[PDB]
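In what follows, a single structure is set out as structure tokens and then discussed.
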Ligand SMILES: OCC1=C[C@H](N[C@H]2C[C@H](CO)[C@@H](O)[C@H](O)[C@H]2O)[C@H](O)[C@@H](O)[C@@H]1O
Ligand SMILES: OCC1=C[C@H](N[C@H]2C[C@H](CO)[C@@H](O)[C@H](O)[C@H]2O)[C@H](O)[C@@H](O)[C@@H]1O
Ligand SMILES: OCC1=C[C@H](N[C@H]2C[C@H](CO)[C@@H](O)[C@H](O)[C@H]2O)[C@H](O)[C@@H](O)[C@@H]1O
Ligand SMILES: [Ca+2]
Ligand SMILES: [Ca+2]
Ligand SMILES: [Ca+2]
Ligand SMILES: [Mg+2]
Ligand SMILES: [Mg+2]
Ligand SMILES: [Mg+2]
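Chains as they are written, first to last, in the authors' numbering: chain A, 6 to 553; chain C, 6 to 553; chain B, 6 to 553.
Here it is, written out as structure tokens:
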């Protein structure tokens, strides 16, 4: 199969990973010096947060120049060396393609805001790069994403004397995909990096490209059409590259972003629908929603692969759960108002689970066992915390924690001069949570992650198999099979914090012996009616094979 | 009107309030020395927990003798002084009538377990006192109440070689109320205490008296009949005395336990329907469930009053809430499995609200301003915590905390020798939480409670007026009026942790000023459409009078 | 800008914070061991009370060696370790420079008092260090500061047979700043500590340096000139250090102590004029004094920052308020004779506000929201009380209360062996009020204070913004805006104990939507003419931003 189908992805932010020169900002040289770490961990493809020139009002997702390297990060030369050394070690690298909008500081908007027509009466060709309105009445009753900050998706520009559209911050005016010069402007952005050897893109905020009156301005067919065309371009000019979609929508609409066999869109999309149901189930001690929401995902094209994930650099999003499910999530996972933002909970994986390794390991094993390619968020493999004193979603973007030295090993700059402060609290600060500690610790979470990815490489059914759920007679116990190329894996997992009993419907497997993938230790042979009694300890995960 | 309509109740346990003599067990001489404190708090009626002789397998709710005083608590003489001194201070006292069942140790059951006929052939009249079955397949698919202890509501008696019935523990066999001799053993048990001057009874577990095949064995019309004859008795032989029912059922089944004007039952029932919705609304910042369960309550007889309460000696009960309501409450209010028992949450009021006085005060103001008569659980007026290392529901029955001396002022005996250990943790311990502390502190929870009761007493609409909810334009803001004898109170309460805006429908009251009950500070008069704009700070409660 | 404009200051006393060796006295080893506490609280600069050798007749403000460490506190090595550990955590430190006077035990004064001419007939260079009069009739009609102790500002030295000047205790003779050798001795004291890395100085009693006949001997131009020279010396030889002035004068004279842009003096002064008016307004429930006094303060130099404080190690000074205001304050806050001392009230914050956390929280938020940098008095963040059985102002200097073990955690010596006895009363004693308790209490005053500072960090308009008072129609409601960097904060505060309504004049902000800084909950958009109705609870603080 395709290479993204067997990849382990790792999300990181250059500005925040490793500082080479002491100025308190992460840079490409520093990242380059930590590629062995990543490769040794089991990671195949790096996804880098936006690295472009930017005023950084949205941490670099407000892009001022698509064909360069933000000075904080080094030079285009440093980037090219980084990418040569990543491929040297057999890693792929994808970047973040911000397509729905640019920074207000981008030259195109600096131009667009001079008005429709130029001092000499000739049309301003850049005015139609963005979306203007005289009074801002259009696209009413359209959802506001950054609700804690924006009262409107229209904002009046003082120089233009008109309103411009923005699905995100006001300093992030939306591009106009009804204008064909904009479609080409970002094909050209794509070519610039694909040409240098980048292996693909995470494509950002794709559901919000085209706005149409009388609709939600999400998932519009006019939007999908642009993505089909973006895929046809890459498919022709750069075979083998990866287009990955950030499309947090409900199951029926998400699968649309893969396109069809006849008309392909994305190769992979994040599985936003299952993510919140993992957390809900852990609290409810009941994995129904996991099974229900996955069952609502229609089959995807041949070339398609899901990207599975526990957390990332944004909040834990509650946009696409029901109202009762959202209320449950704030109650169970955000007991401080400060942990809420913009319809989601802005916390890291370990804090979200009360720093309980049994529960952390549990969800990571579901992450590695569900059908897709997993993506780890940087620092989650050592158990990093968060700093909710930082604004917006930056509390989960604090410096990587490398050792107990100055600034957690992130920089020789003082923690007060680092672009964000390395966490220093008594539970998750870098005197306790760092890579150097966990490399010497024989039983560290980091060592555990490495070992678990290793276990998964051994069994291609994780990467490529189907998924069939198994009845257990106990909602605390989720059980399913993964079949691929002759091998059958049984995954049994307890989402309860005490011992749980189950009776597994192993009818199709009578006469087979389940045996542990780790240590090749066999269980009683399935007999009789195949209803198989099991007991599990708290947050237990059973990775088993069903014999030939 | 009736005295229980204007009364403030207060629930305590003699074994646990005050130890007079130094042996570690609270007693009636000790309780007697604290009547002045209770008088000064603003309390009118003491409800005592079961004081009868007993092996204490359900803390005295397993009664071995309905006509005595448990030796722990002193003697029947000590009882008589206590009731003289309480009455001398204008206090009413009601006992706990454990009707549905007795202790296995009661001399009734020791006789009934010797078989249907005696060793000399004659028939054993005590056998039909309890409910029996040879195989114990009757009344199946009936709910277990103590789901964490009892596997079945039938248990084999080894000597009588049959099964007996028990809705509660196996040492608490149900009484057979088909047998009219049992109805008369409890009438005469009631008569014993009423003859001594006791002002009433709280009656225990009244839904579960009669059991019949093909029914749930709850609120059976037969059970109600027995209650009707109990009130008919008391109305005749002891006018003015009080019958109060513990009936945890859904709004439509609970009002039945009042009877009708023509056929009366209880004077008072505990308003269980609203109790869990108070907590949900605080966590959801959504006061909707309060208005809906209050709305499902049908009007009650003329003589009837609700008994409003936040907590008691039992768990917070999750039996009469939906499955999603129950699952939400576990998430929001029971982070540990230890905190759970028997479809409920075994935690004191202050721990339930994270010791946030602003929240504690809010639920109290709602407790004091809903229609009915409030009952305070002992020690919640100084903010006692709990001890969840103690079995069953004992963790909310730890000794009262009077001062910072030996065992919190409860006993001269060591904490290890007290019947329950006085709490000594750094947050709720008697070094931090005690009555001497809060009589000196000008602003303690204790003095706040005494003053809020003082303020309530000044406005009889609180105890007898009607309830009209009011539209606020914000699920977080609960607003209602109370109307009685020409007074109109307006009770606005924020259930959200941040500031909240609201538009109150004061259309009926255009032209009238609202003014504070405390301080006589008037707000702007209501005008025009009477949509009254209001802002509220976190957890704010506005007690206001609408001028005339 | 400069670091002290963003700093949160914290005032502590080494002898009283933490004893690191069991001898009952705080020391620098002990204070070093508590630095993570201050860091995690959100403190940036530690103002340490006088740490010099001294007989402690005024608790170390009678200095006897400006270049050493009082043996109670440890050695100069201990001081160096403390400064290294403070800076290693991003904490600045400043000392208390006692410029106006030395101890009578100071070597200089033991020398000066020998007479103008030594036994060998040669002159005594140290006689002219202090201020001498032959009959003590100069500067008559000049205020006595320590009115409860000192009957005159001239006292007869037994040995010199002349009169020496002292604005303070007779054991604190005033230094004579007309002698330029004196001026050099305190530039030299400054240099010593400024050379070890200390970040600056709180400068004690700076109005009273120079005395002149026919004046008040306050705020004289000759005193300001010496202070300009002190600023010049630091500006040149130690750039970036902080000079903070203690000048309790009337609003006009206070501002002089900043100097001018051309001839600079102090970087910061305490905002003494506003401090009493905060208390006046809380008792009157009328905030006009807060506005009248704030508005008599002229604009300050570019480098100027105000230091805001509620209480400190002194008495609550009533020196700079009218006779009627002072009589009110005595009536409202000094019921017992014992509570007055020298034109002022000697009580801690929490006793002053009757331990009402609502009122403690209100004034703390005004402290954090007025223009300036805030300074917290140690132990006030946990609600410490006072011991008015101690003499002078020591009642507010009792040891920090850390846990509920021996002496409250301050020392392993018994309370009766501690320099001052740690409080043990039922309301404020370390058994009820201590750090460890309040770290476990999910709702403690300590956590509140930490979180409120974090709220403040997030909005630079608090440190840096301007201030426009806003009409409300209700004197009980104090409303103002803070504008900086185009972020606009609206801060509304109720100073009364019941609900209050008002009409905010928000005309400059029509079309803006106010949202809570905590939670982002929106109030209605300002419409119409910006007359915005609000209702507030008792002692409510609305902390709002005006979303643009
Ligand atoms: O709807 C799902 C999401 C999409 C959005 N995430 C992406 C789009 C935004 C584009 O500027 C950006 O802030 C964010 O980091 C990106 O990863 C949003 O900001 C998230 O908070 C949210 O969970
Ligand atoms: O359904 C309401 C309830 C009734 C039951 N409460 C009473 C019945 C039990 C009788 O022995 C007794 O333990 C309990 O204290 C009484 O107040 C039960 O134990 C509670 O858990 C529960 O909230
Ligand atoms: O007028 C303001 C004040 C200054 C003075 N405070 C300082 C000067 C004194 C110098 O010896 C000292 O006692 C006090 O602690 C210092 O902080 C005075 O003692 C206070 O009572 C008073 O509030
Ligand atoms: Ca768009
Ligand atoms: Ca029964
Ligand atoms: Ca002087
Ligand atoms: Mg760098
Ligand atoms: Mg006793
Ligand atoms: Mg010491």
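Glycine is no exception: its CB is placed at the ideal position from the N, C-alpha and C atoms.
Other residues of its chain near residue i: CB distance less than 6 Å, five sequence neighbours each side excluded
i	result
residue 380 of chain B	14, 16, 312 and 314
residue 527 of chain A	518 and 520
residue 401 of chain A	353 and 391
residue 471 of chain B	488
Local Cβ density within 10 Å of residue i, reported as buried at 16 or more and exposed below that
i	result
residue 81 of chain B	exposed
residue 420 of chain B	buried
residue 320 of chain A	buried
residue 197 of chain C	exposed
residue 303 of chain C	exposed
residue 353 of chain C	buried
residue 501 of chain A	buried
residue 186 of chain C	exposed
Proximity test, residue i beta-carbon vs ligand 4 heavy atom, cut-off 7 Å
i	result
residue 329 of chain C	no
residue 191 of chain A	no
Residue i beta carbon near ligand 8 (any heavy atom closer than 7 Å)
i	result
residue 83 of chain C	no
residue 26 of chain C	yes
Residue i Cβ short of 7 Å to ligand 1 heavy atom set
i	result
residue 349 of chain A	yes
residue 103 of chain A	yes
residue 258 of chain A	no
residue 150 of chain A	yes
Heavy atom of ligand 5 within 7 Å of residue i beta-carbon
i	result
residue 172 of chain C	yes
residue 216 of chain C	yes
Contacts around residue i, its chain only, beta-carbon distance under 8 Å, and the 5 residues preceding and following it disregarded
i	result
residue 459 of chain C	47
residue 74 of chain C	33, 56, 57, 58, 80, 81, 83 and 84
Closer than 7 Å: residue i CB and nearest ligand 7 heavy atom
i	result
residue 30 of chain A	yes
Residue i - containing alpha helix (DSSP H), residue span
i	result
residue 367 of chain A	362-374
residue 325 of chain B	Careful: residue 325 of chain B lies outside any alpha helix (DSSP H) and carries neither H nor E.
residue 42 of chain B	40-46
residue 293 of chain B	293-300
residue 170 of chain A	It is not in any alpha helix (DSSP H) - residue 170 of chain A instead sits in the beta strand (DSSP E) that spans 167-170.
First through last residue of the beta strand (DSSP E) which encompasses residue i
i	result
residue 99 of chain C	97-103
Check: residue i C-beta below 7 Å from any heavy atom of ligand 9
i	result
residue 388 of chain A	no
Original post:
Any contact of the segment 317-336 of chain C with the segment 345-359 of chain C, i.e. 3+ C-beta pairs under 8 Å?
Top reply: yes
Subject >> the segment 278-285 of chain C touching the segment 35-49 of chain C, judged by at least three CB pairs closer than 8 Å >> reply: Contact between the segment 278-285 of chain C and the segment 35-49 of chain C is not established, with fewer than three Cβ pairs separated by less than 8 Å.
Original post:
If we count Cβ pairs, one from each stretch, closer than 8 Å, do we get three or more for the segment 245-253 of chain B versus the segment 287-296 of chain B?
Top reply: At 8 Å Cβ cutoff, the stretches do not touch.
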